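Engineer: Below: the sequence, then the experimentally determined structure.
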Amino acid sequence: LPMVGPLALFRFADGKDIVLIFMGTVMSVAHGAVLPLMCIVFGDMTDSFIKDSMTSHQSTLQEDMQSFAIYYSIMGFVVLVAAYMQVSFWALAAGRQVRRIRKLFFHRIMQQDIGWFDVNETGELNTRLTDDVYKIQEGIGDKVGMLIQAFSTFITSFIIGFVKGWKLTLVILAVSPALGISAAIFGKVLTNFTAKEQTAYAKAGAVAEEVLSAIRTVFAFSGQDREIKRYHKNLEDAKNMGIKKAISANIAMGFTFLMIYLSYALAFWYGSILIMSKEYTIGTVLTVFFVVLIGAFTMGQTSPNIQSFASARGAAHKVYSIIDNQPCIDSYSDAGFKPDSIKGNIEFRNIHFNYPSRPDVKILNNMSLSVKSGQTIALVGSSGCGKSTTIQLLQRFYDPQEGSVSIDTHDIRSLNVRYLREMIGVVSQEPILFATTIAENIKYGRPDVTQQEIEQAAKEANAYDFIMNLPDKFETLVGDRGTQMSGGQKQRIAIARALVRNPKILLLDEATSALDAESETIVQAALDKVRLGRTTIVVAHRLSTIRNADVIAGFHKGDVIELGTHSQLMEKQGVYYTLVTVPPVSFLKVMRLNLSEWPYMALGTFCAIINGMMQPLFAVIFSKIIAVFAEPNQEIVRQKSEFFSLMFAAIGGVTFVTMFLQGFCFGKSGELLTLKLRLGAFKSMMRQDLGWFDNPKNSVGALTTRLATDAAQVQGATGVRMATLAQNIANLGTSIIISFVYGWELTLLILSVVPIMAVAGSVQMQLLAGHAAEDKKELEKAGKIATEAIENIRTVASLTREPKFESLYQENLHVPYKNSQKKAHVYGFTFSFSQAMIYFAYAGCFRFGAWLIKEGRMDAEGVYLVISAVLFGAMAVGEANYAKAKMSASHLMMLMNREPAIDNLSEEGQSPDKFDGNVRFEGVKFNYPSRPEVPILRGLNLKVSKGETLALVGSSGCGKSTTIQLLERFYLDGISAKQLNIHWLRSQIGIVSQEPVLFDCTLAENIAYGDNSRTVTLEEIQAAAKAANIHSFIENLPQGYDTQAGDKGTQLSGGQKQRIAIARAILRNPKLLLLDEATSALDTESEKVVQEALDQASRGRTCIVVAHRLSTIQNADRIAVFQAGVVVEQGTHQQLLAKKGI
Ligand SMILES: Clc1ccc(C(c2ccc(Cl)cc2)C(Cl)(Cl)Cl)cc1
């Protein structure tokens, strides 16, 4: 997308904004510099500690630490002041820029031509306003400041690192390709296994969605278990691939960890080697290592601010392009002539018009008609071809592309737009009143009269009928929006607003339609009465306005043909001759699902606690490496440095193997849990009632996405949640115990400062709740008035009251500005304290450690071990979705055990071998949850016995919706409804689904599907297909019945689909067939073939015709009707055939 550079992004910065920007940039540079200086002083402090320890195998530690502590405090103060001031200046600049941007943007929008409004209109502009203003505010806000600080810190870190230790800096840098190639291998393996995992998961999700989409036919057939088998097998394969992906990702992360630790080890070994030669001192190596580390990590961390800068740049580009767009018609400029008086005439000389958007359409061609003032001229049209366009034009909404206007020897182009607009009075068909009092709404219009005639106008508009006895005499506090008016009321206030001193001319554009009869009469009377005294040309189609007239205007497609009497219009064949015209599940209940796989979770937790404890060991090894650089014997130094670098590598390897094992076990547990949850959820889906599913929240898409996503998400709350919490607990507990043992004093001091980091945020949240509230509310209401302005641009411009809307917008914007400044200041203080607290804690803790060292309670490395352990524990926890996983698990649990509302999978009940053929329904009062309000079902008492051919037609909304669904046992034959063997009833039926849905498998498999209790034999499949007449077309196929049919829905006709559906149905060879108007949506020949096949299959077999056309119903015995689930209009075929004459 287009993006502007820095020069344009800040174009709307004045001098006041520029000074703030300059100060912010300079202060941010200083802030960025401060951290590398911190590292330099840290290295010097380490050197001083080592010197004191070396002397004892002096008091200079006390004074040296005192000086370094004063240094640390001054760094703290400078960072506090600098960071607060940087954030404050940048936020203030953002606020001023955003305020001016909103002002100018709305000003320009209101300026744009209507020919430009119609091109993007309200949605684009409101989106732009909200989103893009957010983007621009976030761009030039604190984010650019953080970018500048990142640059400064990176450059300063590199320069100090080079200037101090060019050799060791070069070594650290040259170790970077190691991490680079580690990441390369990471990406390779990740991409390969990720693609494989997507393929595997999709292979099962496809079957999931195939079943869910066609659940009706999937379940109507006794094939609810073969689906379970298919899902089980596909999900087992997906489990294998998923565990492969998990182990791959874990090994990649472990290799990254191993390589970073190996980089540490090599760097420290080289530092030792140099120190032995006495080139770099321990302080120097520590300084250079930490400065390079901080530089790298800071560049990484401010990578995300780059994206914010870029998005802000793009949004700014579009906003600025809107700002600079100059409308062809200037609604604000005062350039033009203002004739002191105007006779009020109107003329047009072949004004050619085309909409700026899609100018190919040409409606106004050769429009030439004049109306001398003091006259009223009627208008007509069929599609509103010309009238709307010309009424828009007279308002200067669209520039006359070719023509001349000679209004009293004046051209509308050459006169002031505001004077022209106010010179005439026009109101839309339904002008949505602005969110104000009715008095203020009538005041809108001509402010020339403010109160005195504003109250008088009511008497003219026939609105007073309620105003005098309204809730208030003229409506203070009435508001509107919350209160509702009748259409006649809105129209009456509209005519009042029009008649508030409309100077000469008054027009109305289809201002009569969409009105009740009483309102129609009232408004017609009002229009008639207000016609007198001024030149009126109203666009309308009503008969009353049609008959009343003094002149006529005729252009049915934009063809001016008539300008005279009414009788002439009649003679002109006009319309005057066509007058006829969810309890959040707890942790324990979630773990009850992996209760089965606990063996894997146990080893996972054990290896996780080992992984966590490894971090404190890394802190302790850091303490020991720092301490062991103070040994006078050089050989001992080499031995210890070699051993500790080796132990660094060993901790890396332990972390690597432990991450690998963790990956293996937690992946396996998570995949087993996912398979179990998916299988249980699918089983619950199948068994549950049919009326459940059609619910909008139970949409096929909803269930599919739930199965795909929430299933995996649930892994986030059983093992990995336990693993992460165990790792964190082990890390902090071990760190705290080690620190306590080394010395409870410094342990307590660092622990006591730990609260100050976060607890200080309580005030931040207190002041930020107000921020969020004002943000949502003020955005909503300011944008609401913006949407009112833009969406009613027609009226807003025609009212000539754009400035008044601007003033309302600005007054609304006032409070957000103050709240934004408060937010800037409070965020600035919180950020400054968060930044300076680390420096202050360093200073205080190290001074205390010096004291304890002198007293004798803490060894030289005691302070380093305790501080490093606590700091690295904090970092580890900070590095280390749970609520989302809990929510998904709650939904899945309530799903898998919701209720057996209509137990369908219940294979209970007794099934006599013989089915007597009774379709009797006794005492069943039910109603569909889809249509419970509408009478669906009552004490149904329908009758059909064996050998019948009953037909039916539903007068109201496809009566099939009732009888087949009920009889199909979706919602009894002499036996109780639920006592019967539902499996037997579902098995012994010839129900044909409406739309034949075939399954993604062999045609042989689809044929065999009709039965799933017993396997299939090819001989019988052929028998059924030939009996189904489908063999005819199947005779030409790649392999025939067994064909995979790799087309997957191309080489199949509707008739072929119906034939295969019938073959599937009759595979059971049932003795009672049922239809659901399936034999439809096909060509006449296809339907004839379908009926021929069905009749052939009906040879010596009972059926119930439920077809939709007489062609099928020809071979029928009796026809029926059903209303509200009760027998009605039962009769013989000939009688009801006479009924449905059609
Ligand atoms: Cl497992 C782990 C621990 C610490 C780290 C980092 C780290 C890097 C350098 C140093 Cl000296 C300490 C910790 C962060 Cl958390 Cl600070 Cl980003 C990374 C991974």
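Structural biologist: Noted; the coordinates are in hand. Numbers count the residues shown, from 1 in each chain.
Engineer: Give the buried residues for stretch 735-742.
Structural biologist: Neighbour counts over stretch 735-742 (16 or more other Cβ atoms under 10 Å) mark 735, 736, 738, 739, 742 as buried. To be clear about C-beta, it is placed using only N, CA and C from the backbone, and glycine gets the same treatment.
Engineer: One more: stretch 1005-1023?
Structural biologist: Buried, per 16+ other Cβ under 10 Å, within stretch 1005-1023: 1005, 1006, 1007, 1008, 1009, 1010, 1011, 1012, 1016, 1021, 1022.
Engineer: can you confirm residue 557 is in a helix?
Structural biologist: No. Under DSSP: H, G, I helix; E, B strand; the rest coil, residue 557 sits outside any helix and is assigned coil.
Engineer: quick one: contacts for the residue of the stretch 1-150 of the chain found nearest the ligand?
Structural biologist: Nearest residue of the stretch 1-150 of the chain to the ligand, counting by Cβ to the nearest ligand atom: residue 39, 11.1 Å away. By Cβ atoms under 8 Å, 6 or more residues apart in numbering, the residues touching residue 39 are 157, 160, 287, 290, 291, 294.
Engineer: Which parts of the stretch 351-500 of the chain are strands?
Structural biologist: 377-378, 402-404, 424-427 (DSSP state E, counting those that start in this stretch).
Engineer: Deepest in the core, which of the ones you listed is it.
Structural biologist: Most buried of those, by mean neighbour count (mean count of other Cβ atoms under 10 Å): strand 424-427, with a mean of 24.
Engineer: what does that strand rub up against?
Structural biologist: With contact meaning Cβ under 8 Å, 6+ apart, strand 424-427 is reached by 391, 394-395, 494-495, 497-499, 502-509, 511, 795, 798.
Engineer: can you tell me which of the residues you listed are in helices?
Structural biologist: 391, 394, 494, 495, 497, 498, 795, 798 (DSSP state H).
Engineer: The first one - nearest residue in space that isn't next to it in sequence?
Structural biologist: Leaving aside its chain neighbours, residue 391 sits nearest to residue 509 (4.9 Å; criterion: Cβ to Cβ, 6 or more residues apart in numbering).
Engineer: Which members of the buried residues of stretch 1005-1023 occur in strands, if any?
Structural biologist: Within those, no residue falls in strands by DSSP state E.
Engineer: Which parts of the stretch 501-650 of the chain are helices?
Structural biologist: 517-531, 543-547, 566-571, 587-591, 598-627, 634-687 (DSSP state H, counting those that start in this stretch).
Engineer: so which of those helices gets nearest residue 416?
Structural biologist: In terms of Cβ to Cβ, the element of the helices of the stretch 501-650 of the chain nearest to residue 416 is helix 517-531, at 25.9 Å.
Engineer: What residues sit buried inside the closest one?
Structural biologist: Judged by neighbour count using 16+ other Cβ under 10 Å, the buried positions of helix 517-531 are 519, 520, 522, 523, 524, 526, 527, 530, 531.
Engineer: repeat for stretch 162-174
Structural biologist: Buried, per 16+ other Cβ under 10 Å, within stretch 162-174: 162, 164, 165, 168, 169, 171, 172.
Engineer: same deal with stretch 624-637?
Structural biologist: Neighbour-count burial for stretch 624-637 [16+ other Cβ under 10 Å]: 624, 625, 626, 627, 628, 629, 630, 631, 637.
Engineer: which ones are touching the closest residue to the ligand within the stretch 501-650 of the chain?
Structural biologist: For the stretch 501-650 of the chain and the ligand, the shortest gap (Cβ to the nearest ligand atom) falls at residue 615, measuring 6.2 Å. Listed by Cβ under 8 Å, 6+ apart, the contact set of residue 615 reads 731, 735, 872, 873, 876.
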